[PDB]
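Okay, structure first, notes after.
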Amino acid sequence: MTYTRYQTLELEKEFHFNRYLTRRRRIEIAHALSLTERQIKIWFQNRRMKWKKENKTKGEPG
């Protein structure tokens, strides 16, 4: 069970665009994806924890 490739794409695009999803924009992306908000928030948080372990070479000192 997985979010779609598109949804994941749009999420990473949103993560690139912005780091912290406020009420309205989270709804907007959640509509654009079609997920239940909670999921987007979770994805956004977890995305941080699997941002900084992928963003290596540059991101060694943190």
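In the structure tokens, the first chain shown is A, the next is B, and so on; residue numbers restart at 1 for each chain, and ligands run from 1 in the order shown.
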Inset, instruction - For residue A:45, work out the shell of residues within 10 Å, counting only C-alpha atoms and skipping chain neighbours fewer than 5 positions away, then give it as number ranges by chain. - result: A: 19-21, 39-40, 50-51
Give me a file of those residues, with C-alpha atoms, as a tab-separated table (two decimals), in the first residue's frame.
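Output file selection38.tsv follows:
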```tsv
chain	number	residue	atom	x	y	z
A	19	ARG	CA	8.95	23.31	4.14
A	20	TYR	CA	5.97	23.89	6.50
A	21	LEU	CA	2.37	23.32	5.37
A	39	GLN	CA	-1.34	11.71	5.63
A	40	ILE	CA	0.14	14.84	4.00
A	50	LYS	CA	14.43	11.29	4.99
A	51	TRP	CA	15.57	14.65	3.58
```
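If you count only C-alpha atoms and ignore residues fewer than 4 places along the chain from stretch 22-34 of chain A, what sits within 8 Å of it is residues 6, 7, 10, 11, 14, 40 and 41 of chain A.
For the atom pair formed by atom CA of residue A:3 and atom CA of residue A:36, the distance is 11.6 Å, given to one decimal.
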